Amino acid sequence: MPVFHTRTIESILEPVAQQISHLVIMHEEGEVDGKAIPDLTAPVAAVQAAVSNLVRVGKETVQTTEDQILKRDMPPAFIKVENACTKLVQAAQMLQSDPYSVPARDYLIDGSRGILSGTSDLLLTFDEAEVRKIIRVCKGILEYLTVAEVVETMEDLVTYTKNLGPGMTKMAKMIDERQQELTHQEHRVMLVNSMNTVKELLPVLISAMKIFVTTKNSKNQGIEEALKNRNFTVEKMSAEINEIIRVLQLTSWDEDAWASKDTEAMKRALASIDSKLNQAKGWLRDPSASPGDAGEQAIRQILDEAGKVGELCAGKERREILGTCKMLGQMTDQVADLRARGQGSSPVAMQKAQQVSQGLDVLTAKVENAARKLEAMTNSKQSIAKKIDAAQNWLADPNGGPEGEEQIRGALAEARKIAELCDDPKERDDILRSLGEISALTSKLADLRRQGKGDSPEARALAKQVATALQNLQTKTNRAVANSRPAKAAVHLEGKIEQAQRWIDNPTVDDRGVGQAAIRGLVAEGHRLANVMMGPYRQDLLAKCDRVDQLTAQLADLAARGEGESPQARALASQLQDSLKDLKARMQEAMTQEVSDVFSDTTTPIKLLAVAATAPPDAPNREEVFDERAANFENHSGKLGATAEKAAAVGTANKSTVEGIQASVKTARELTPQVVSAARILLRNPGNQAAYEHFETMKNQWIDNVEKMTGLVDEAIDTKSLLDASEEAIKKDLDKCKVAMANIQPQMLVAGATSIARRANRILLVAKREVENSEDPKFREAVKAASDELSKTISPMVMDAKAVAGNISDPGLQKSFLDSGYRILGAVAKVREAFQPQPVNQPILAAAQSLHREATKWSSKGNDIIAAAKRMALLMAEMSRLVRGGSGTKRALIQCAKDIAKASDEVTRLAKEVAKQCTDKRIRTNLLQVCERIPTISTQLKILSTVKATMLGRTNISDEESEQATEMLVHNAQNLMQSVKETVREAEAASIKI
């Protein structure tokens, strides 16, 4: 396959394929029009010269570079290119004899593919080696990690504190080489953002090591908690290093990410169901304890996370978790109806207090059914990706060995077993296709039964066809999960609109199940948004949530009775589509009300934990205060993480901002135990001088983590939305200042004056971060200036608070406080005041009209990015028939190779054109990250469409590899035009910002 693993490989193949394109448009009169050609016999030797240079180094790389497996695979590679090139000249030599010789036109069309596959192989095959030594570098590091528990003593500390140096500095220089070598934002970003984690936390690993000798100064057998905290980061060192091992091994377009990035969600979920197990079910079992806000909230946290389990599995099980959870919702409100009146809850729910419980416990077992199957479904994809390589191993160099046949037939016994474990009852057409191919693969395995004496002359034709048989397996085993795993929720919210706007009125991806998960996805968050409010404000959102819930199944049926053209089917679709638009501004405005109420006192228990970190047992209650401060820490943090990830998945952010949140909240998910772990050991070995800075380390980790996140959640939501949900929020809190002055409450003003300064400091912090991202000097000055007005008045509120706490029954004095309070909030309001101003492949024809709905968001004709998007998706419509068919006109397919890249290099330009006029860093940076994959994938379509041109109309065309050709055609145009959707949107989204 014509890979694009390296910047160099693109920089050569497009020079390779530029004239093989021009070679085979001569083949258009060569066999389609069937007539004589002009003498392009010199471009023959030119592209020979364009490959012989890498051949003449590739020939000697077999011998000069002393690696073993390069000697194995290269003589398959370039000799095929040599077998191609020798046929090219003789095609022209037979065309020197004859103006148009029927074999000679077929000899040249024979070689025109084998170069392009071969050159893409040759440029890959030793770039495969360039990655390979970096593995053993990392394997050197990963096993020098393994040294660092064999090493636990100080006499090897400063040695290996130095020995990391020529490893770790030698790590990053190879990576920062390779960081320039890839050409995907999806790859370049996830490489280095795992590479900084190992270099940042190796001093933290050293910080564990430097404090372990301090514990080793204390007596043994109570000190391995540090080595377990070492093992904490070392398993993270096991984690983030292993990630970038296999990132560089990917060497193509990304496919197995989503099957892998859903493994994390269930173990996020199933732990969270285990963690929210006890406190949820108690309110279910206590009628007369809480009226529906404390453990009732954790009840719905169980259900809306198990609802996120059911966003993964397939079939009718996509309904049976939805059907179990939604019917559990009303019956809790049937329980909530009882204690709203009171008499029904304790005596009368002798039956009712168990039908709710049985719809949780078997629901726990029902989502447990989706647990181990979906681990094992993504699993053994990699095993059958590995047992083919074990089959690829010996079948390259057989040497006529009949006991190498015996181990290559024993290795296929495991390669047998996987597809029966990969069997599903759904794709019965493909299952008999799969299971029928397996015994056929044992029959070409049974070719080796006749070789009592092994035959490489049999094996050279055996490996000629078992290699095409294994890629007939792997391109079908990955389908055996792809048509069995439903289409995922686009994690940013505007995708879940788009994954469900067009979904409801079309049978196409009704076979796929995009919106059926996505609508189940989208109101599993407004369902969780309504979880955090009290009694009466739980229902007003749930009434909009239950609106879609009863708009759910009554559009699951109208695919039978008519379609979207049917009148009340369209009306129920129109009732559903109108239901979601007023489920926007009561979802994200529901969100931003929460974030200005969770992140207020953003770190106040931690300075209280710092009080708990310093107080000896000479100070009173060094344990139970230290418990409840940590209990205040651990449970406010549960709000802190969960408020962020909701504001992640609802807030309009970059993908890099969303995963930037998603990793940082994951960083919060274990550092919050580490803050507990840091405050622990300082109180285990009491009052160490060397443990305070380690506590101060993880604190100023977590403070830097949270004051990243505090700033980074502010990257997600609107700053119009934060202030308005803060100015009104501080307004009642200055009205809370009015209630505690009417009675004699000094400390409630002392708790309140902080509560201003908990937030009024942060309002200044958001204003400065707005300025440094702003560049209009008239429209960044007041955000600096009024923040400094806020700076002018934050400190006198602390001072007169001490003046009025000493005398609470002093009108005038407490009046002067609230009058000093009166000066605050109008200036706080100023912050948002500045913010006021036929043989057709289907995924071709779908992706054309898919792009058109996105560019029709803007409704004018001025800037030609919509004319760029016009020519974009329209000029794939002609090649809809030309993939899978249209055997003659190969020339239009390459005419489509160029014009699409010509469009997706034009909109490359205009994306970064207005980015040069983009008046915000964060808007330009997010525009820059996506726009570098506009030209990269464009030129790849110059290759791949030209590759299928040789795969077109020969009539010796294998419809496995023509399918492999047309898969890479259509998989491109998805990833092509989905990036173009992000382009023509965010160009307009940056257009108003000027």
# chains A, B, ... in the order shown; residues from 1 in each chain; ligands from 1

call {"tool": "select_by_dssp", "arguments": {"residues": "region 545-625 of chain A", "states": "helix (DSSP H, G or I)", "output": "ChimeraX atom specification"}}
result
/A:545-550,567-581,588-598,604-614,624-625

call {"tool": "write_last_selection", "arguments": {"atoms": "C-alpha atoms", "output": "compact mmCIF listing (two decimals), in the first residue's frame"}}
result
# COMPACT_ATOMS: atom_id res chain seq x y z
CA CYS A 545 -34.66 15.37 28.50
CA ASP A 546 -37.76 13.19 28.61
CA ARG A 547 -39.07 15.04 25.56
CA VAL A 548 -36.33 13.55 23.39
CA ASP A 549 -36.71 10.28 25.32
CA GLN A 550 -40.29 9.91 24.09
CA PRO A 567 -45.76 13.81 6.75
CA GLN A 568 -45.96 12.95 10.44
CA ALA A 569 -42.65 11.12 10.15
CA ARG A 570 -41.17 14.45 9.06
CA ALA A 571 -43.26 16.16 11.75
CA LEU A 572 -41.95 13.89 14.49
CA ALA A 573 -38.53 14.57 12.99
CA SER A 574 -39.34 18.29 13.05
CA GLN A 575 -40.62 17.97 16.62
CA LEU A 576 -37.36 16.22 17.47
CA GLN A 577 -35.12 18.69 15.61
CA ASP A 578 -36.87 21.62 17.26
CA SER A 579 -36.54 19.86 20.62
CA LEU A 580 -32.76 19.83 20.39
CA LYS A 581 -32.25 23.51 19.52
CA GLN A 588 -24.45 24.80 27.79
CA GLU A 589 -25.96 27.65 29.80
CA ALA A 590 -26.84 24.91 32.25
CA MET A 591 -23.16 24.04 32.10
CA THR A 592 -21.63 27.48 32.64
CA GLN A 593 -23.79 28.06 35.69
CA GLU A 594 -22.10 25.06 37.26
CA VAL A 595 -18.50 25.91 36.43
CA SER A 596 -18.73 29.30 38.09
CA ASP A 597 -20.03 27.51 41.18
CA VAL A 598 -17.60 24.59 41.47
CA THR A 604 -8.78 26.47 49.54
CA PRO A 605 -8.67 23.01 51.25
CA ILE A 606 -5.12 22.56 50.00
CA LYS A 607 -3.78 25.58 51.82
CA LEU A 608 -5.84 24.12 54.66
CA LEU A 609 -4.12 20.83 53.89
CA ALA A 610 -0.93 22.87 53.99
CA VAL A 611 -2.07 23.91 57.46
CA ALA A 612 -2.65 20.21 58.05
CA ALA A 613 0.78 19.47 56.56
CA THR A 614 2.62 21.76 58.98
CA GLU A 624 -9.38 13.95 62.11
CA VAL A 625 -9.11 17.52 60.84

call {"tool": "residues_around", "arguments": {"residues": "residue 988 (chain A)", "least_positions_apart": "6", "cutoff": "12 Å", "atoms": "only C-alpha atoms", "output": "number ranges by chain"}}
result
A: 854-860, 862-866, 910-911, 914-915, 918, 923, 927, 981-982, 994

call {"tool": "residues_around", "arguments": {"residues": "residue 401 (chain A)", "least_positions_apart": "3", "cutoff": "6 Å", "atoms": "only C-alpha atoms", "output": "list in words"}}
result
residues 398, 404 and 454 of chain A

call {"tool": "write_last_selection", "arguments": {"atoms": "N, CA and C atoms", "output": "PDB file, in the first residue's frame"}}
result
ATOM      1  N   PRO A 398      12.125 -19.698   2.954  1.00  0.00           N
ATOM      2  CA  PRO A 398      11.783 -21.085   3.285  1.00  0.00           C
ATOM      3  C   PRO A 398      12.987 -22.011   3.285  1.00  0.00           C
ATOM      4  N   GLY A 404      10.502 -26.332   8.861  1.00  0.00           N
ATOM      5  CA  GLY A 404      10.021 -24.967   8.870  1.00  0.00           C
ATOM      6  C   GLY A 404       8.591 -24.879   8.386  1.00  0.00           C
ATOM      7  N   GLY A 454      11.222 -30.334   1.523  1.00  0.00           N
ATOM      8  CA  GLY A 454      10.603 -29.036   1.324  1.00  0.00           C
ATOM      9  C   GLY A 454      11.048 -28.371   0.036  1.00  0.00           C
TER      10      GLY A 454
END

call {"tool": "atom_distance", "arguments": {"atom1": "CA of residue 823 (chain A)", "atom2": "CA of residue 795 (chain A)"}}
result
12.5 Å

call {"tool": "closest_residue", "arguments": {"among": "A:209, A:402, A:584, A:130", "to": "residue 151 (chain A)", "atoms": "only C-alpha atoms"}}
result
A:209

call {"tool": "closest_residue", "arguments": {"among": "A:669, A:184, A:993, A:881", "to": "residue 931 (chain A)", "atoms": "only C-alpha atoms"}}
result
A:184
